[PDB]
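**Q** Sharing an experimental structure here, sequence included.
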Protein chains: 2
Amino acid sequence: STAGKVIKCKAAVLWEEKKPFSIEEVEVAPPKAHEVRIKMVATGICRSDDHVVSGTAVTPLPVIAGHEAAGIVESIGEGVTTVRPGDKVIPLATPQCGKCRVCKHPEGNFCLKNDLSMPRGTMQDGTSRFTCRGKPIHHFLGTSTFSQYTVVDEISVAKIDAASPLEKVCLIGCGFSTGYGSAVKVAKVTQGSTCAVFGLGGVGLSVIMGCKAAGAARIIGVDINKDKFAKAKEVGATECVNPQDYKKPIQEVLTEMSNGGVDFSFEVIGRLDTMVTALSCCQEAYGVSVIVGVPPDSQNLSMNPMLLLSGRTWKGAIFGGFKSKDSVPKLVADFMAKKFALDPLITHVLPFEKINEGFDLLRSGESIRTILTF
Amino acid sequence: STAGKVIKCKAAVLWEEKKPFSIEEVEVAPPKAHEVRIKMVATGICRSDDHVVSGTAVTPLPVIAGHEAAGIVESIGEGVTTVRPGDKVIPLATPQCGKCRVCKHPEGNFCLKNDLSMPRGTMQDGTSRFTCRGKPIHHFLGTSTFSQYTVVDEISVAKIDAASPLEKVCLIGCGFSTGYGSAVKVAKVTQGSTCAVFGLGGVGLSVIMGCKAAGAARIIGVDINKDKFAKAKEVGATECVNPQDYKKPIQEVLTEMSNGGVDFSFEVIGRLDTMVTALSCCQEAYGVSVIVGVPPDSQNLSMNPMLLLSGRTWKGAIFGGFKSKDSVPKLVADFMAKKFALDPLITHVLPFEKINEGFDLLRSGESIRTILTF
Ligand SMILES: NC(=O)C1=CN([C@@H]2O[C@H](COP(=O)(O)OP(=O)(O)OC[C@H]3O[C@@H](n4cnc5c(N)ncnc54)[C@H](O)[C@@H]3O)[C@@H](O)[C@H]2O)C=CC1
Ligand SMILES: NC(=O)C1=CN([C@@H]2O[C@H](COP(=O)(O)OP(=O)(O)OC[C@H]3O[C@@H](n4cnc5c(N)ncnc54)[C@H](O)[C@@H]3O)[C@@H](O)[C@H]2O)C=CC1
Ligand SMILES: O=CNC1CCCCC1
Ligand SMILES: O=CNC1CCCCC1
Ligand SMILES: [Zn+2]
Ligand SMILES: [Zn+2]
Ligand SMILES: [Zn+2]
Ligand SMILES: [Zn+2]
């Protein structure tokens, strides 16, 4: 019915920063060589999407944001070999070209074809497939899932099991895999260790799930919103602390609580001051701290390098360290085999047309993940 | 003859910052329980000793500095079981109490009994064994080797092979083990990798030795003193670069040479701006950078956390990550089996009485290690 022809559908267009999303009709071009056009089934609201609205993350505007999603292939361009029409797929905000030095490295996953380091907001070929009111619209991280239809490059999409529940496994496209892998793969949390998780949203709850799966004995959740603590304990936190309850800096509180520092800390908020605090609260001689949260654009933190000279390890990761096209299908298969749970992250399910209500839920602190359904 | 008695001997006392050492008579008390009095045989001049003179590293003054050394036990206090009179020994600037959480951890080595985090300039019991002109003199890192005799706590000394050449193996007390271990143990340099070493003094040359021992394919030495390059190449550097030779910043220069960034980088100078440069020059997705150099006291560096979010790992270490009392004797044994070489590090030999000439050689850039003989 639509193969090869332009599709008119609705999408949520962000024309300016700090504005509501504009739900209107867009035109989606057919896929070119090695491109895939996807009909969306579900998309999650990740804080990184809100970072585009707030100016925390800079990407060319106007844009169709959205990147944590799942859908069904509508058509494929010339040369595509990894997916076919009717396939269930998850778009990959971090691609896996399989040919760059990073793709070939055994540990690396930040493929050099990403659109994060130098945001261009296009397809790999430098152009856009979206038009709205006659204007070209930018892509976001080579995904753009806030639309009934999107076009992605083949290296930015993974085929998943045909029996997958797409309204749950869309979280494997970002939030869950980021937090879970940050714990089990990047930090490599050890059994019986003490962990501190700063930020108890969708990604931080997934960090806790990973720390628990790795066998940590203590998991301390840190959040200034005490309404987050109940769910954090349900997924594995042993204790929760609110920094605003203390006179003392929270790094000093965590050090005392852990009898000299935690084994692993995670910053899953996106604040410079909490990145330094999370590093300081891990044990000075053998602690490991992982940055997951995204800081405001172009801002530098300040820290004393003696925190590292004593023995600490500080690292960060995109997408939990997972090689995206390899790992996403295996994570879906693991989910299906009930190896982990996604329902604790899903607090709200709304129709796509209520996208703005979903972001209001996030900004107000009331939601973890809202899933938008098409 | 001297057991149980105060020993009057000559030491290099630092009365004030930024002044020459004063070679003069001190009184060295006999060792108390679990203390060891050592007759010094040789001590190296490490940049960290000069950091005490310049105020870069703060420890209470007046002080007997020196920490990279080897000697012979003169007497032991009550309860000492690990060393006896006449034993050859190396003092440990980082102790190994064997009982704290760090000593019990498999990776950690920054024993909580250290005198670095919160310098007191005393023995473990809070007192001093040194008197000069009737005044108490501080210790340095629980070692104080710029003296014909010193007293150290049992956890700060290791017995070594009775046939050891003390005028060479004193370097295993700091410089060599720090650089070598930073490469083979902290970074865990892999075979065929590309390394960048910032700073080609005694410790940076030892990092190069460790990178070569690990099988690195390329080892890029970085120094603003081009006179350091010849020796760096002799011990394993494949290329040397002087940042002052380029119209662009050296991290860009190293990123171009490594076709996208190095596998392992090492800061072995002690400058805030080169710590950030060394981190920036590794692969953004899988590179590892190790801080070895000592920053000026209490100064903060400034960096963009996106350097870590992409996947980099940043860490630091004291003494190359080696558990000091376990490792020093083994390193001496390996040296005697010619598993590594120390002669390339020793450029100057002076009598202890010419200590100020030895520091002039270091400050002028002419020496790597000057060994002082008592
Ligand atoms: N590295 C990566 O690959 C990815 C990174 N992210 C980033 O991770 C971060 C978290 O994402 P979500 O979980 O979706 O966000 P979220 O907004 O749902 O969670 C943030 C949590 O931090 C808490 N918080 C805010 N300020 C705080 C403070 N000063 N102290 C303690 N807690 C504080 C909030 O109460 C909230 O619960 C965001 O910055 C996002 O951009 C998200 C996905 C992938
Ligand atoms: N972590 C630890 O356990 C230890 C740390 N250290 C520290 O390591 C550092 C090096 O010690 P040494 O090798 O003994 O010192 P060193 O002074 O002999 O070597 C430093 C080298 O850095 C070079 N350099 C200076 N400024 C530079 C710049 N802007 N760019 C490039 N190169 C520059 C100098 O030309 C010199 O060759 C010192 O800061 C020392 O305190 C030393 C021993 C143990
Ligand atoms: O949330 C998905 N991706 C993120 C990764 C970190 C930078 C902002 C975008
Ligand atoms: O050089 C020996 N020890 C050093 C270790 C890093 C801080 C200054 C002292
Ligand atoms: Zn996301
Ligand atoms: Zn790639
Ligand atoms: Zn100890
Ligand atoms: Zn030293």
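**A** Happy to help now that I have it. Residues are numbered from 1 along each chain as shown, chains lettered A, B, ... in the order given. Ligands and ions are numbered 1, 2, ... in the order given.

**Q** And stretch A:203-215, how far out from the chain middle?
**A** The offset between the C-alpha centroid of stretch A:203-215 and the centroid of the whole chain comes to 15 Å, using C-alpha atoms, centre = their mean, to the nearest Å.

**Q** Does ligand 5 have contacts with it?
**A** No: contact of stretch A:203-215 with ligand 5 is not found when judged by C-beta under 5 Å from the ion; the minimum separation is 7.6 Å. To be clear about C-beta, it is placed using only N, CA and C from the backbone, and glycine gets the same treatment.

**Q** So that stretch, near ligand 1 or not?
**A** Yes: for stretch A:203-215, a contact with ligand 1 is found by C-beta under 6 Å from any ligand atom, at A:203-204.

**Q** Okay, helices next: where are they in the stretch 251-374 of chain A?
**A** In the stretch 251-374 of chain A, the helices defined using DSSP state H, counting those that start in this stretch lie at A:272-281, A:306-309, A:324-336, A:355-363.

**Q** tell me the most buried of the ones you listed?
**A** Of all the helices of the stretch 251-374 of chain A, helix A:272-281 has the most neighbours on average by mean count of other C-beta atoms under 10 Å in any protein chain shown, namely a mean of 23.

**Q** counting contacts, what elements does that helix pack onto?
**A** Contacts of helix A:272-281 with other secondary structure elements, assessed using 3 or more C-beta pairs under 8 Å, 6 or more residues apart in numbering or on different chains; DSSP states H and E, are made with strand A:194-198, helix A:250-257, strand A:264-267, strand A:288-291, strand A:301-303.

**Q** Can you give the contact residues for it?
**A** Residues from elsewhere that reach helix A:272-281 (C-beta atoms under 8 Å, 6 or more residues apart in numbering or on different chains): A:196, A:198-199, A:249-251, A:254-255, A:258, A:261-262, A:265-267, A:289, A:291, A:293, A:295-296, A:299-303, A:307, A:312, A:314, B:305.

**Q** buried subset of those residues?
**A** By the neighbour-count criterion of 16 or more other C-beta atoms under 10 Å in any protein chain shown, those include these buried positions: A:196, A:198-199, A:250-251, A:254-255, A:258, A:261-262, A:265-267, A:289, A:291, A:293, A:295, A:301, A:303, A:307, A:312, A:314, B:305.

**Q** Quick check: the residue in chain A that ligand 4 sits nearest to vs residue B:57, distance?
**A** The nearest approach of chain A to ligand 4 comes at residue A:309, 5.9 Å away (C-beta to the nearest ligand atom). When distances are taken as C-beta to C-beta, to the nearest Å, residue A:309 and residue B:57 turn out to be 11 Å apart.

**Q** on that earlier part again, for ligand 2, tell me which of the contacts of helix A:272-281 show up nearby.
**A** Those of the contacts of helix A:272-281 which are also neighbours of ligand 2 - as judged by C-beta under 6 Å from any ligand atom - do not exist.

**Q** SS state for residue A:3?
**A** Secondary structure, DSSP: H, G, I helix; E, B strand; the rest coil: residue A:3 is coil.

**Q** Those residues of chain A touching ligand 1, which are they?
**A** By C-beta under 6 Å from any ligand atom, the part of chain A that sits against ligand 1 consists of A:46-48, A:51, A:174-175, A:178, A:198-204, A:222-225, A:228, A:243, A:268-271, A:274, A:292-294, A:318-319, A:365.

**Q** Out of the helices and strands packed on helix A:272-281, flag the one nearest ligand 3.
**A** Going by C-beta to the nearest ligand atom, the one of the helices and strands packed on helix A:272-281 nearest ligand 3 is strand A:288-291, 9.9 Å.

**Q** Give the partner strands of that closest one in its sheet and their orientations.
**A** Taking DSSP bridges as the criterion, strand A:288-291 pairs within the sheet with strand A:264-267 (parallel), strand A:313-316 (parallel).

**Q** Just put those in JSON lines and tack on distance to residue A:111.
**A** Output for the strands paired with strand A:288-291, formatted as JSON lines (distance: least, C-beta to C-beta, whole Å):
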{"stretch": "strand A:264-267", "distance to residue A:111": "23"}
{"stretch": "strand A:313-316", "distance to residue A:111": "16"}
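
**Q** ok so, going back, for residue A:309 and residue B:57, list the residues in contact with both.
**A** Common neighbours of residue A:309 and residue B:57 are listed as residue B:294 (criterion: C-beta under 8 Å, 6+ apart).

**Q** Taking the stretch 151-300 of chain A, what residue is nearest to ligand 8?
**A** At 17.9 Å from ligand 8, residue A:285 is the closest residue in the stretch 151-300 of chain A, using C-beta to the ion.

**Q** So which residues make contact with the helix or strand containing residue A:70?
**A** The secondary structure element spanning residue A:70 is strand A:69-76 (assigned by DSSP states H and E). Where contact means C-beta under 8 Å, 6+ apart, the residues beyond strand A:69-76 that reach it are A:2-4, A:7, A:30-31, A:35-44, A:83-91, A:143, A:145, A:149-150, A:160, A:164, A:166-167, A:169-170, A:173.

**Q** Pull out the buried residues from the residues you listed.
**A** The neighbour-count criterion (16+ other C-beta under 10 Å) marks A:7, A:30-31, A:35-44, A:83, A:87-91, A:143, A:145, A:149-150, A:160, A:164, A:166-167, A:169-170, A:173 among the contacts of strand A:69-76 as buried.

**Q** Among those residues, which ones are in helices?
**A** Judged by DSSP state H, the subset of the buried ones among the contacts of strand A:69-76 located in helices is A:166-167, A:169.

**Q** okay if I get those as a markdown table plus distance to residue A:232?
**A** Putting those into a markdown table (distance: C-beta to C-beta, whole Å) gives the following:
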| residue | distance to residue A:232 |
| --- | --- |
| A:166 | 27 |
| A:167 | 23 |
| A:169 | 22 |
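
**Q** which one of those is nearest residue B:112?
**A** Nearest to residue B:112 among those is residue A:169, at 46.2 Å by C-beta to C-beta.

**Q** Correct me if wrong: that closest one contacts residue A:90.
**A** Yes: under the criterion of C-beta atoms under 8 Å, residue A:169 is in contact with residue A:90, at a separation of 7.0 Å.

**Q** Tell me if I'm right that residue A:41 and residue A:374 touch.
**A** Yes: if you go by C-beta under 8 Å, residue A:41 and residue A:374 touch, sitting 5.9 Å apart.

**Q** Show me what residue A:39 is bridged to.
**A** residue A:72, residue A:149.

**Q** So residue A:142 versus ligand 5, what's the distance?
**A** Using C-beta to the ion, to the nearest Å, one gets 13 Å for the distance from residue A:142 to ligand 5.

**Q** How much space separates that residue from ligand 8?
**A** Computed with C-beta to the ion, the distance linking residue A:142 and ligand 8 is 49 Å.

**Q** ok, now which ones touch that residue?
**A** Counting by C-beta under 8 Å, 6+ apart, residue A:142 makes contact with A:91-93, A:95, A:114-115, A:123-124, A:152-153, A:156.

**Q** Looking at these, state which has the most neighbours.
**A** By neighbour count, taken as other C-beta atoms under 10 Å in any protein chain shown, the most surrounded of the contacts of residue A:142 turns out to be residue A:91 (31 neighbours).

**Q** Find the residue closest to that residue in space, skipping its chain neighbours.
**A** Counting by C-beta to C-beta, 6 or more residues apart in numbering or on different chains, residue A:91 lies nearest to residue A:143, which is 4.1 Å off, once chain neighbours are set aside.
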